[PDB]
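Next up: a single chain in structure tokens, the form deposited in one PDB entry.
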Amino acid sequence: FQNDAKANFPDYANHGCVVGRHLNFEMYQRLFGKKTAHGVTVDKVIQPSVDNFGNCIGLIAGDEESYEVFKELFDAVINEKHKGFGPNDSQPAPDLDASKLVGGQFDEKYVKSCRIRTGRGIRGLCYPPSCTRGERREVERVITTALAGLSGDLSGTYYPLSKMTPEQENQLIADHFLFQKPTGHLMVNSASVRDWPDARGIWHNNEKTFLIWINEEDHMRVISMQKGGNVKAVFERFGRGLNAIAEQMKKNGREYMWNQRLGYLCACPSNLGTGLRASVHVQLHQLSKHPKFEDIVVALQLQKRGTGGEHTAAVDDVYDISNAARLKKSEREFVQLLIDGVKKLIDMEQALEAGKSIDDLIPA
């Protein structure tokens, strides 16, 4: 018996995973026996790709170093997932400059709310798939004490999952601020839900416009949000908060994981670059009945779902509309892409409300 690459090569028969279309035995052999400084192995980063037989990526970083040690695997997967982003391609520098935005205030008869979300890793520490209980507590500590140094409209409280009272959790559900133990194949099969809910928590400011999840999917999931259509205000707080949290973090010799090639690093390659999800809830009575509705959203580089997450109704024809991509444009640009797309959606809605053809508004 040899416990070598041959003995260990996954059987990707009947697997619709991205990893399986790029991880041929030869690559596997090259990467087999490699380990990051935190001991992440090829087997670790590809585990999800083996367990799950359906359409998935299947690749996940155990740590920041995963992207370089298994560079050739991440690079191939990234290039498919992000529809053209090869090894020599690079993510634009981060742009959290809200003032650079054009028209970031929607008509609130149509746009009911806006949020912008991203994730951050804390450099020096393994992602959820590979982090020890100690590492994870260090993420929680770093983010939480850094948070304690925010003031003004970013003054808030930290709610540990581990000490959550039924009161507190009931309120957080009402704010739609709660996260649960993940049950998705990705997070489960990557052992990203270990020791739940030790060092997991929810922080937010008093106004309930800035929300922080620690050690759910990412070390830090940052969400800025408001009812109404002032996405520019939402982005302004977003970038102000991110930079402010970081500044506190540097008191503690800590920094977001970020490199020039991939922008902000996260465990799942899908979320690289900006990992930015800018969304609005927008009411589209007429346009959603339009035969080219789906065409329009895709053409606008947008994604669409109901108001309650995936596979939920568009209650009262209110759709959650977001940017589809995550790489290749900056954070500010993605917000602008959402602004432009959503404004067009509204232009078409109003056109139809007036009984007009939107044939000349549809993206050609």
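Don't overthink the numbering: it's just position in the shown sequence, from 1.
| said: Can you tell me whether 160 to 168 has a higher mean C-alpha B factor than 177 to 185 in this record, or the other way round? | reply: So the stretch with the higher mean C-alpha B-factor is 160 to 168.
| task | Determine, for stretches 63 to 71 and 39 to 47, which one has the higher mean CA B-factor as deposited. | result | Taking the mean C-alpha B-factor of 63 to 71 and of 39 to 47, the larger value falls to 63 to 71.
| query | Which has the highest CA B-factor per the PDB entry: 132, 259, 190, 113? | reply | Of 132, 259, 190, 113, 259 has the highest C-alpha B-factor.
| request: Could you say which of 121, 263, 291, 229 has its CA atom at the highest B factor, as listed in the PDB entry? | output: Max CA B-factor in the entry, restricted to 121, 263, 291, 229: 263.
| task | Using the B-factors in the PDB entry, rank residue 337's C-alpha atom against the chain and give the third, lowest, middle or highest. | result | Middle third by C-alpha B-factor.
| task | Please place residue 286 in the lowest, middle or highest third of its chain by C-alpha B factor as given in the entry. | result | For residue 286, the deposited C-alpha B-factor lands in the highest third.
| query | Considering only modelled residues of the same chain, in which third does the CA B-factor of residue 327 rank: lowest, middle or highest? | reply | For residue 327, whose C-alpha B-factor we compare with every modelled residue in the chain, the answer is the middle third.
| request: Ordered by C-alpha B-factor within the chain, which third holds residue 95? Give me lowest, middle or highest, please. | output: CA B-factor rank for residue 95: middle third.
| For residue 148, does the deposited CA B-factor place it in the lowest, middle or highest third of the chain? | Highest third, going by the recorded CA B-factors of the chain.
Keep in mind that the form solved in complex with a small molecule is missing from the display, and what follows is about it.
| said: Within 4.5 Å, heavy atoms only, one stretch in 308 to 316, 25 to 33, 51 to 59, 293 to 301 touches the small molecule in the entry with it bound. Which? | reply: Of the options given, it is 308 to 316.
| said: Just to be sure I understand the contacts: of 192, 91, 209, 279, which is the one whose heavy atoms reach within 4.5 angstroms of the small molecule in the entry with it bound? | reply: Only one listed residue qualifies here, and that residue is 279.
| Considering the small molecule in the entry with it bound, which of 200, 204, 232, 221 comes within 4.5 Å of it through any heavy atom? | Comparing distances to the small molecule in the entry with it bound, the residue within 4.5 Å is 221.
| message | Contact with the small molecule in the entry with it bound for residue 105, defined as at least one heavy atom pair within 4.5 Å: yes or no? | response | Residue-level check for residue 105: no, no contact with the small molecule.
| said: Taking the small molecule as it sits in the entry with it bound, is residue 176 in contact with it (heavy atom to heavy atom, 4.5 Å or less)? | reply: Although the small molecule is absent here, residue 176 would touch it in the entry with it bound, with heavy atoms inside 4.5 Å.
| Is there any non-hydrogen atom of residue 267 lying within 4.5 Å of the small molecule in the entry with it bound? | Although the small molecule is absent here, residue 267 would stay clear of it in the entry with it bound, with no heavy atoms inside 4.5 Å.
| query | Looking at the partner-bound form in the entry with it bound, is residue 114 within 4.5 Å of the small molecule by any heavy atom? | reply | Result yes; residue 114 sits at the interface with the small molecule in the entry with it bound.
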